[PDB]
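Chemist: Mind folding the following:
(chains A, B, C, D, E, F and G)
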Amino acid sequence: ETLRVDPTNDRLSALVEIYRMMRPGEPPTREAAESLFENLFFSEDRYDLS
Amino acid sequence: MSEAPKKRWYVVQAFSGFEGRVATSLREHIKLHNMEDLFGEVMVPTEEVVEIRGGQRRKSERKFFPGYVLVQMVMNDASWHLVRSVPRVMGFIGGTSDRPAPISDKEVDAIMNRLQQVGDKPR
Amino acid sequence: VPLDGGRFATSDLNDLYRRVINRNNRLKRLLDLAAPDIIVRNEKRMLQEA
Amino acid sequence: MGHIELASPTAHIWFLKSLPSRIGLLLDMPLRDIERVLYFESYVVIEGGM
RNA sequence: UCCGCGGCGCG
DNA sequence: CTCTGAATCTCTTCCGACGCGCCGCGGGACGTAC
DNA sequence: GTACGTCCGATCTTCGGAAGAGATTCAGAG
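Modeler: Numbers count the residues shown, from 1 in each chain, chains lettered A, B, ... in the order given. Please find the structure below.
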């Protein structure tokens, strides 16, 4: 049911929504979206567990 | 691109007292990425009123509006990202945030004519 | 209050009034030079926020 | 007491963004649209006529 | 100099 | 069909005891000249 | 080193409890 309620079924579209709700007002281009996503949980500089 | 639209001026906000280094930084960011066709020229209005005495002497720099600087960007996405990527820059100003609003051409011509007579009383 | 040293303990009311009067003076100066419409709209928004 | 000659009119917060919006329900409007109109994002019509 | 913030303590 | 409508879910605000003693920090930074 | 004019960009993340206003919803007459 969680997948049923999913509004979109595209990885690019998913990056679009995550980029939109990360901070509102910005048009969702793919390059900026992927750069932002790679710098939230997968970048050694702004994210690390001791 | 396929179309040939005029590179009409846009307005981008910057910190007061930091305009010069902001403009220079735009110059090196547009130079290093090597898109000289995408961007034209950047300039901020500046006045040079000279007074012999009374504190400041022989020169005084005044700006009609200090917080804003004009650029020659074109309606795109990568170029706008490059504009916002420069530090000490907040963003575009206009009627709507999603697409920055442009500036009227007739008042651009009027302000250019006004700026064509900056030089007064030489030497 | 002129406390010890060459310093002043400025109340927040003085700072708020100084900001508001500075914005008003800048807008009044800018309105007599026929500034672009977007510029005066943004400055009016800043004054209203202040 | 002194006065500051405001160059442009401004709206009072106490009469705008309280729990009941005075101006909003006086003009039969919600709060979001009047907030958008006052912060220079959208136009409003006066005397539409024909 | 008479104001603000933070901390500790006594009722 | 479609509009209404009463109920329901969601978002925004304000409230949280009273006296006293002591100590320590408070517009700071940033360019522009002198 | 020091007096003086000017000025307000990087990033946050852990309360119940209630009271009220606004958006949603589905229920129904039909």
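Chemist: Distance from stretch D:1-17 to the middle of the chain?
Modeler: Here the centre of stretch D:1-17 is set off from its chain's centre by 12 Å, with Cα atoms, centre = their mean, to the nearest Å.
Chemist: Also stretch B:75-84?
Modeler: Here stretch B:75-84 is found 15 Å from its chain centre; the criterion is Cα atoms, centre = their mean.
Chemist: Okay, buried residues for it please.
Modeler: B:79-80, B:82-83 (16 or more other Cβ atoms under 10 Å in any protein chain shown). C-betas here are computed from N, CA, C, even on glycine.
Chemist: got the CA coordinates for it in PDB?
Modeler: The C-alpha trace of stretch B:75-84 is given here as PDB (Å, rounded to 0.1, in the frame of the first residue of the first chain):
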ATOM      1  CA  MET B  75      17.100  32.800 -19.400                       C
ATOM      2  CA  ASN B  76      18.400  29.300 -18.700                       C
ATOM      3  CA  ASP B  77      19.000  26.900 -15.800                       C
ATOM      4  CA  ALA B  78      22.800  26.200 -15.800                       C
ATOM      5  CA  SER B  79      23.600  29.900 -16.100                       C
ATOM      6  CA  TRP B  80      21.200  30.800 -13.200                       C
ATOM      7  CA  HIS B  81      22.800  28.000 -11.100                       C
ATOM      8  CA  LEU B  82      26.200  29.600 -11.900                       C
ATOM      9  CA  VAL B  83      24.900  33.000 -10.800                       C
ATOM     10  CA  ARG B  84      23.600  31.600  -7.400                       C
END
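Chemist: Give me the residues contacting it.
Modeler: Residues external to stretch B:75-84 that are found in contact with it (Cβ atoms under 8 Å, 6 or more residues apart in numbering or on different chains): A:27, A:29, A:31-32, B:5, B:12, B:26, B:29-30, B:33, B:35, B:38-39, B:71, B:73, B:89, B:91-92, B:99-100.
Chemist: and if we set it to 7 Å?
Modeler: A:27, A:29, A:32, B:12, B:29, B:33, B:38-39, B:71, B:73, B:91 (Cβ atoms under 7 Å, 6 or more residues apart in numbering or on different chains).
Chemist: Please enumerate the helices of the chain.
Modeler: You didn't pick a chain, so chain A it is. For chain A, helices defined by DSSP state H occupy the ranges A:11-22, A:30-38.
Chemist: right idea, wrong chain: chain C
Modeler: Taking DSSP H as the test, the helices found in chain C are C:12-31, C:37-49.
Chemist: Could you see whether DNA strand G lies near the shortest one?
Modeler: No. With Cβ under 7 Å from any atom of the strand as the criterion, DNA strand G is not reached by helix C:37-49; the gap is at least 11.0 Å.
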